[PDB]
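[1] sequence unknown, structure follows:
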Ligand code: NI
Ligand code: NI
């Protein structure tokens, strides 16, 4: 359950050019992450509400679980695409440490 | 990212009869959880390995993400079914506190 994005930002320094050329992509990702997180929080609330009314694996509960999964999946994908687009801006020599952090975090289940 | 099952076990005391009549279900769920967790760890490793070879949203990476999602989803469902089967063994008077803990944890995204 680690925060893959935060892990990478904290663990892998960028050089001056790298920081500058990725600023716009970081801003766009922050906005996209917030939008999807709003959907995920709402979906979690709908699952909670469904179960509050009848705790059972019912059609309502099943559909609410799918909405949670879709929002979490959209966030996971958007996060990976952003990780990959950052990698493209890195100098080639700087990719091995970025990759190490990425791969290790994925292996532990971070998203 | 809270552990829904652990939250419920720690926060909601059971009476003597409740504890006794749920022991077999707890054992079965522990075994099922471990089996699915083994699959999830393996799937996380395969996603890490795929990205190690080419960090890109490629067919291999996409398929590995789906395997992670399927294992996580199987675990989420098995966990909820077990939560519901425990609820059935509770005395009716004991369900409101169980439900409170369940609903609050779901609202925060625990699974
Ligand atoms: Ni970033
Ligand atoms: Ni249990």
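    The structure has been received and is ready for your questions. Numbers count the residues shown, from 1 in each chain, chains lettered A, B, ... in the order given. Ligands and ions are numbered 1, 2, ... in the order given.
[2] rest of the way, CA atoms for contacts and neighbours
    Noted.
[3] distance of residue A:111 from residue B:11?
    Here the criterion is C-alpha to C-alpha, to the nearest Å. By it, residue A:111 lies 28 Å from residue B:11.
[4] Tell me the spacing between the nearest residue to residue A:56 once chain neighbours are set aside and residue B:65.
    Residue nearest to residue A:56 in three dimensions, not counting chain neighbours: residue B:84, with 6.0 Å by C-alpha to C-alpha, 6 or more residues apart in numbering or on different chains. Distance of residue B:84 to residue B:65, given as C-alpha to C-alpha: 28 Å.
[5] what's the answer for residue A:55, then?
    29 Å.
[6] Spell out which parts of chain A neighbour chain B.
    A:1, A:41, A:44-49, A:51-52, A:55-57, A:69, A:73, A:80-81, A:84, A:99, A:102-104, A:106-109 (C-alpha under 8 Å from any C-alpha of the partner chain).
[7] of these, buried ones?
    Neighbour-count burial (16 or more other C-alpha atoms under 10 Å in any protein chain shown) applied to these gives A:41, A:44-49, A:51-52, A:55-57, A:69, A:73, A:80-81, A:84, A:99, A:102-104, A:106-107, A:109.
[8] out of these, which are inside helices?
    Counting by DSSP state H, the part of those found in helices is A:41, A:44-49, A:51-52, A:69, A:73, A:80-81, A:84, A:99, A:102-104, A:106-107.
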